[PDB]
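>>> pasting an experimental structure, sequence included:
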Amino acid sequence: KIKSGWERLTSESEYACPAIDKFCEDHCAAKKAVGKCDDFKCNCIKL
């Protein structure tokens with residue numbers, strides 16, 4: 001636990017630049033990761 005009462009992040013990166021293409025997130029599904037953006041390319045959440 002964190003020492004503050006609440007722990008809430010409130011970061012727009014939760015919904016800004018979504019996993020819009022199935023040709024990107026089907027690779028993430030095979031590892032049960034989530035699709036992600038950077039300045040030009042599709043990545044998955046780290047394991």
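Right, received. Where do you want to start? Residues are numbered from 1 along each chain as shown.
>>> quick check: which element contains the residue nearest the centre of the chain?
Nearest residue to the geometric centre of the chain (CA atoms, centre = their mean): residue 36, 4.7 Å. Residue 36 belongs to strand 35-37 when elements are defined using DSSP states H and E.
>>> related to what we said a few turns ago, in three-state terms, label the closest residue to the residue nearest to the centre of the chain other than its chain neighbours for me.
Nearest residue to residue 36 in three dimensions, chain neighbours excluded: residue 43, at 4.6 Å (CB to CB, 6 or more residues apart in numbering). For the C-beta atoms, the positions are set from N, CA and C on the backbone; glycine is no exception. With DSSP: H, G, I helix; E, B strand; the rest coil as the basis, residue 43 sits in strand.
>>> what's around residue 43, how many residues?
For residue 43, the neighbour count with other CB atoms under 10 Å is 14.
>>> list the contacts of it.
By CB atoms under 8 Å, 6 or more residues apart in numbering, the contact list for residue 43 reads 35, 36, 37.
>>> from the middle of its chain, how far away would the strand holding residue 36 be?
Here the centre of strand 35-37 is set off from its chain's centre by 5 Å, with CA atoms, centre = their mean, to the nearest Å.
>>> which helix or strand contains residue 23?
Residue 23 is part of helix 22-29, with elements assigned from DSSP H and E.
>>> what are the buried residues along that helix?
For helix 22-29, burial by neighbour count (16 or more other CB atoms under 10 Å) applies to 24, 25, 28.
>>> same check, this time on stretch 31-47
Buried-residue list, stretch 31-47, by 16+ other CB under 10 Å: 35, 36, 42, 44.
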